């Protein structure tokens, strides 16, 4: 009894590829025509969602890849963010240990503090990945340093979708991630990681699965009636 198809798609597939993007558009339209509800999980912010998903994608709704915001036909139906206080606390811990970090507001470019630019840049000085880091992750750090980070004097007021943390030193980022997990109740956060070299923080008990659950519930659809595709 599948009533909903949830496409979990890294925004990289939609960004560069216009062929995979047009293909995805046509698939969404075909599934809608067959009567399915169709949802997309992609992006790390509200701004990124609207950069990545053109208006001619006939989705019933969209959530960020990490479940922190959901939009349905132009209405934001939920938003689970970190507070500024939380961002200050977590980045201060990272800064003490010189852990590279990127803070993702729901609107606008990711940000890092200007005072941390030199050491963050010096971490990624090598043209090719070092210490086992993946080429994908290394090149993402290179690209972020080149032009995607806004270097701010202070974190602005508002809410944030996530913080990304990274070190080329395995032991350092492993112990830091373990420290976040140890204190995730006190800090009121969820901790995840996509490689052995990183950690990500978002609102307490919030992740892609919780976002999927809130989106299908908006449509009165049960998890067992939902086919999640793409991971």
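Residue numbers count along the first chain shown, from 1.
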Problem set entry | Stretch with the higher entry mean CA B-factor, where the candidates are 12-20 and 217-225 | 12-20
Seminar exercise, completed: Mean B factor on CA atoms, stretches 201-209 and 22-30, record says higher is 22-30
For this session: Pick out which of 109, 112, 97, 161 has the highest C-alpha B-factor in the PDB entry.
Result: 97
Exercise. Say you rank 43, 67, 35, 61 by Cα B-factor from the PDB entry; which sits at the top?
Worked result: 35
For this session: Tell me, lowest, middle or highest third: where does the Cα B factor of residue 150 rank within its chain?
Result: middle
Exercise. Hey, what third does residue 138 fall into on Cα B-factor, ranked over its chain?
Worked result: middle
Problem set entry | Among modelled residues of the same chain, the CA temperature factor third for residue 77 | lowest
Seminar exercise, completed: Of the three thirds of Cα B-factor ranks in this chain, residue 192 occupies the lowest
Seminar exercise, completed: residue 123: CA temperature factor from the record, placed by chain third, in the middle
